[PDB]
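The chain below stands alone, shown as structure tokens; this is the form deposited in one PDB entry.
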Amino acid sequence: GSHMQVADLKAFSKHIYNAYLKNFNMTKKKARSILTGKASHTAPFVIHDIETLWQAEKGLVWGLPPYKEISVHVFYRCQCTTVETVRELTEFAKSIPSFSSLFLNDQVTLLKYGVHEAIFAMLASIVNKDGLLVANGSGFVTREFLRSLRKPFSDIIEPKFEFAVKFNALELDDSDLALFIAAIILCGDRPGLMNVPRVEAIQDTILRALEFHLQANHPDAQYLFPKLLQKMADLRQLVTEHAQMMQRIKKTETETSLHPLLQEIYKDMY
């Protein structure tokens, strides 16, 4: 038959975890070691105002468009970060069993409508209630500083903190997140898919693997699997809202540029 047993699902999970470790430089384990002070290096440089942002741009190890103003500059660094994670997600996807065998067009479609949900999920790993890590972990920008940016740029990031804090309360590790992100990517609900049943099948397999994985890895947790399915739904709404805010910037901040790679992702949604 075609219905995988527990042993098959466990092996499937291990392969996805390996593809994860292979393709992501900033894992939650690494991020947490930095954020909890376990790292052997000194605490990250803190960006909490204009003076420190300027200093970080001069002393922190990171081709942006010409400087215009603080809020727009930060907007550009958001884009750059996003582009890098998109490249990692693409390589991660290619390494997930049964992704590379989908129609090329379906692979493209899945990444296009999937990357942002995945980005916001993984973002939680490098975030706490007070800020997030930048410059590959060597910097830390405060939530308060991002709130100080002028509208509409301040309105973009705050929603992600709200989501991340609650998401982090679930206490997932990298092994869990590997399956979660795979499930987000291999999503049979995306528009323009040629072979929906194939994608549906793969997603369901990933989800079953995830349930069994959570059982062993978090034996004492309650309703963790259902909670994560809800998180997936929450991410869809987060992205819709984020895309709306990006469109507003596109129409009102005509002096602000958008990376071509991100332009295509958002191309056919407005």
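Start at 1 with the first residue shown and count on from there. Only residues modelled in both forms are compared. We call the rigid core the largest set of C-alpha positions that still match within 1.5 Å between the two forms.
FYI, the form deposited in another entry isn't displayed, but the following is about it.
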| query | finding |
| --- | --- |
| Rigid-core-referenced C-alpha movement of 2 Å or more between the shown form and the other one, selected from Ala243, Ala221, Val46, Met232 | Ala221 |
| Shift in CA distance, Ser175 and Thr42, in the other entry relative to the form shown here, given it is 3 Å or more | closer |
| In the other entry, shift in Cα separation for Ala39 relative to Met26, 3 Å or more | farther |
| Shifted regions of at least three residues between the shown form and the other one, judged by C-alpha displacement of 2 Å or more after core alignment | 37 to 42, 63 to 67, 221 to 223, 267 to 270 |
